[PDB]
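Some notes on the structure that comes next.
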Amino acid sequence: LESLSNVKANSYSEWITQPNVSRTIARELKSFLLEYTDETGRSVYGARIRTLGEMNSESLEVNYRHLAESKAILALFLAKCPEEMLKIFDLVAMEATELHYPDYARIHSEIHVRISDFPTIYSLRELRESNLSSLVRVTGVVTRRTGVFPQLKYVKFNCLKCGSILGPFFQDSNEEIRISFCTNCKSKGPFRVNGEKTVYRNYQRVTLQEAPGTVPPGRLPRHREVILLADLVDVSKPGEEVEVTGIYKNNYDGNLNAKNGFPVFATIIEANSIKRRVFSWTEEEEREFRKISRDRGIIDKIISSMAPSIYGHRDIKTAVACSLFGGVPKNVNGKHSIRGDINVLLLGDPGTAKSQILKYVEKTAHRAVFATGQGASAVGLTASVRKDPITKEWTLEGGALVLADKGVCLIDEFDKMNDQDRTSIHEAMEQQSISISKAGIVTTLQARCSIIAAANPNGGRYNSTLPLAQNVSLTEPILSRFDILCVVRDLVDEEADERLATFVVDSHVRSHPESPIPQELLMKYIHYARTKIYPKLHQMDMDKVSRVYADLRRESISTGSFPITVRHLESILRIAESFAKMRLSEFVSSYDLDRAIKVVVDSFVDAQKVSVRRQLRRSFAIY
Amino acid sequence: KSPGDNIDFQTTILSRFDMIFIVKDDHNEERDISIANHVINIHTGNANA
Ligand SMILES: Nc1ncnc2c1ncn2[C@@H]1O[C@H](COP(=O)(O)OP(=O)(O)OP(=O)(O)O)[C@@H](O)[C@H]1O
Ligand SMILES: [Mg+2]
Ligand SMILES: [Zn+2]
């Protein structure tokens, strides 16, 4: 035959299985792969198989547009009966690889085919009984996932009469296969599969749910089940929208039809291709990082890139950057631990956008976890032993503090935590580790994380006439574990009102339908700086630091304020380390010390009462 | 104020311990300088060696 396939003998499935037409279409597909070329004249598929062989892969991607344009008849039959032709095109791809590469079967015995660019796009609620055993393309959100399981591929059997091991018999992924004849015994007795001489593949089940935005008002989202085989497993984690190309078929096995009631059937989708509807770098990016670092005034270059969707609050943003970059931990002989995570506290009046800073930090950090003292959250703060609703197994789960080891833990509405949450937070901040004694398990988990918290004052408004300790429901043990305390007051002033109001109204009017470093580079910059920079101090700044500390102590004791303690010196050193890390430098400069001094002194002064505050403003005017 | 008043529990609890240590934070120029020197020395890395 030669492009005479437009003639129809009987139903399509029967036609596609005749040996002669099977050979015809097999040769046709081989010619498609060997001959197809775009206008540029480059062997697109040639390069595809070349890189496949170079990387030692297992599958080939194919474009439906090219295949349609070239061989409309093959494209139509693929859309109608893809199950049959996938096999023959797999064989064609294998022989193509053998032609290009020798002895590829030595490593990989299969070469899967992935289709792409299917024209029609459906939703999970449109599938009906005219789509069964056909090719579909849908989209939805991933809601729940299973583990990876082994499925039989090349089964080998044991004869119980003679110890013969019958040879491999292919498993088609349709129904379990059996045998009934032993060549040696000529027998038919019992058989058992051989587990140590069988080859398996990967199996996983995924549930897709429609995207809530697309559901027309008044109705509820639908869902389906999906099957992922081989190297499609562990590609789409829960909580991301995806596009899945697969074959829509019934659960033909079912269980049995003796069940009473109407004879109805369940359906699934077997996935052929999956796609999504980073913090790595390279030499190209490393050179640009180093170039940007060498420039003067890089700290203020970075600070202006924090939370672009908010106006003002420069102190908040510099503190956010400092806590987002971090210092260097220390340990003297492994018997005296000093932490390197900088904690900050936001204490402001309502309508000051604190939650927006927390959301930005969540979206910009490498490992940031969101919790809260009130409301619904994906995770709590305490560790516990709890059942798994799908695997029916006990599990040990830590809180957001354990989960964010070597990261940042964000807590919203910090003033509304209960006793258990307060105890967990206190232990994590004091020891950087969480204990547990539950259900026969005694252990300790690491809790070395950075904390950014937001709260509200008593009564909802700030009383500037009293010390900060009397404005919040928190206690001294917890309040003294923060490095930077930020106090936001909604003082009424005009010029600020015009600036903020114009910002807000313009932002709204842009979003009606009808200097700073780029963020995507900033993410990689932050990751690289944390990964590769460990600045160090010089003993020549000791005199300056000691003199400043003595001055602070003397003034604080004279003015009858909250005591200045060595914790402030350690915070200053940590912030200086972070400022040095900002520059990619390996040493702590004097300018970084000056910036840290300013930050800590301003934080301390801003948190006192009006009389003490104004007294301390004059004394420390040097900074 | 008496040490019993300074604590936030029944004063008979203090009767259980064997040794008590009330450490006060008195301000002093030379002591502050010495402690600062010690702390920056620890942070720099000399006290490590
Ligand atoms: N300075 C600001 N600049 C821009 N938008 C702001 C500013 N302050 C508040 N907003 C906006 O006003 C609303 C305030 O809600 P938001 O949750 O961010 O405030 P909050 O300070 O966390 O208050 P709370 O949690 O006490 O209600 C949000 O729309 C926020 O975007
Ligand atoms: Mg809020
Ligand atoms: Zn036998």
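Just so you know, the sequences run in chain order A and B. FYI, the numbering for the first sequence is 183 to 459, 473 to 709, 756 to 864, going by full-length UniProt numbering. Residue numbering for the second sequence follows full-length UniProt numbering, beginning at 534 and increasing consecutively. No residue lacks a Cβ here, since even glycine has one placed at the ideal position from N, Cα and C.
For residue i, which residues in chain A fall below 8 Å Cβ to Cβ?
| i | result |
| --- | --- |
| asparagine 539 of chain B | Those within 8 Å of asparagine 539 of chain B in chain A number zero; the least Cβ separation is about 14 Å. |
| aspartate 551 of chain B | Here the premise fails: no neighbours, minimum Cβ distance about 25 Å. |
At the 7 Å Cβ level, is residue i part of the contact set with chain A, yes or no?
| i | result |
| --- | --- |
| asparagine 561 of chain B | no |
| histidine 571 of chain B | no |
| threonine 545 of chain B | no |
Who are the neighbours of residue i on chain A, taking C-beta pairs under 9 Å?
| i | result |
| --- | --- |
| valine 556 of chain B | Residues of chain A passing the Cβ test: none, with the nearest at roughly 13 Å. |
Would residue i and residue j be called neighbours here (beta carbons separated by less than 7 Å)?
| i | j | result |
| --- | --- | --- |
| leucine 814 of chain A | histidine 576 of chain B | yes |
| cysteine 644 of chain A | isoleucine 511 of chain A | no |
| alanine 821 of chain A | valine 829 of chain A | yes |
| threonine 427 of chain A | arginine 319 of chain A | yes |
| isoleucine 679 of chain A | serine 499 of chain A | no |
| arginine 406 of chain A | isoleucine 456 of chain A | no |
| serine 628 of chain A | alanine 642 of chain A | yes |
| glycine 568 of chain A | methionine 624 of chain A | no |
| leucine 268 of chain A | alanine 257 of chain A | no |
| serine 802 of chain A | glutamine 760 of chain A | no |
| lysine 419 of chain A | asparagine 376 of chain A | no |
| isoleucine 816 of chain A | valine 840 of chain A | yes |
| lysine 335 of chain A | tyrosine 385 of chain A | no |
| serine 550 of chain A | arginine 824 of chain A | no |
| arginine 459 of chain A | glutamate 425 of chain A | yes |
| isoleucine 297 of chain A | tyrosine 246 of chain A | yes |
| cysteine 263 of chain A | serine 195 of chain A | yes |
So, is the C-beta of residue i closer than 7 Å to a C-beta in chain B?
| i | result |
| --- | --- |
| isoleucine 798 of chain A | yes |
| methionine 783 of chain A | yes |
| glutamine 849 of chain A | no |
| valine 699 of chain A | no |
| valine 527 of chain A | yes |
| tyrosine 769 of chain A | no |
| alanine 791 of chain A | yes |
| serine 787 of chain A | yes |
Under 7 Å, Cβ to Cβ, is there at least one residue of chain D near residue i?
| i | result |
| --- | --- |
| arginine 794 of chain A | The structure shown contains no chain D; its protein chains are A and B. |
Could you work out which residues of chain B lie near residue i, taking near to mean beta carbons separated by less than 9 Å?
| i | result |
| --- | --- |
| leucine 778 of chain A | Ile573, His576, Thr577 and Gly578 |
Against chain B: residues of the segment 802-831 of chain A by CB proximity under 8 Å: Considering only beta carbons, the part of the segment 802-831 of chain A lying closer than 8 Å to chain B consists of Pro804, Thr806, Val807, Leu810, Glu811 and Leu814, in chain order.
3 or more residues per run - each beta strand (DSSP E) lying fully within the segment 615-660 of chain A: 628-633, 636-641 and 645-650, all fully within the segment 615-660 of chain A.
3-residue-minimum beta strand (DSSP E) runs that sit fully inside the segment 281-317 of chain A, ordered along the chain: Within the segment 281-317 of chain A, the complete beta strand (DSSP E) runs of at least 3 residues are 294-298.
Any beta strand (DSSP E) of 3 or more consecutive residues that is wholly inside the segment 362-394 of chain A: Given a length threshold of 3 residues, each whole run of the beta strand (DSSP E) inside the segment 362-394 of chain A is given here in chain order: 373-375 and 381-391.
Within the segment 769-793 of chain A, ranges of the alpha helix (DSSP H) (whole runs, at least 4 residues): Here no run is fully enclosed.
Inside the segment 548-582 of chain A only - beta strand (DSSP E) runs reaching at least 3 residues: With a minimum length of 3 residues, the continuous beta strand (DSSP E) runs that stay inside the segment 548-582 of chain A are 563-567 and 579-582.
Any beta strand (DSSP E) of 3 or more consecutive residues that is wholly inside the segment 414-458 of chain A: Counting only runs of at least 3 residues, the segment 414-458 of chain A fully encloses the following beta strand (DSSP E) elements, listed from N- to C-terminal order: 423-432 and 449-458.
Inside the segment 209-266 of chain A only - beta strand (DSSP E) runs reaching at least 3 residues: Unbroken beta strand (DSSP E) stretches of 3 residues or longer found wholly inside the segment 209-266 of chain A: 241-245, given in chain order.
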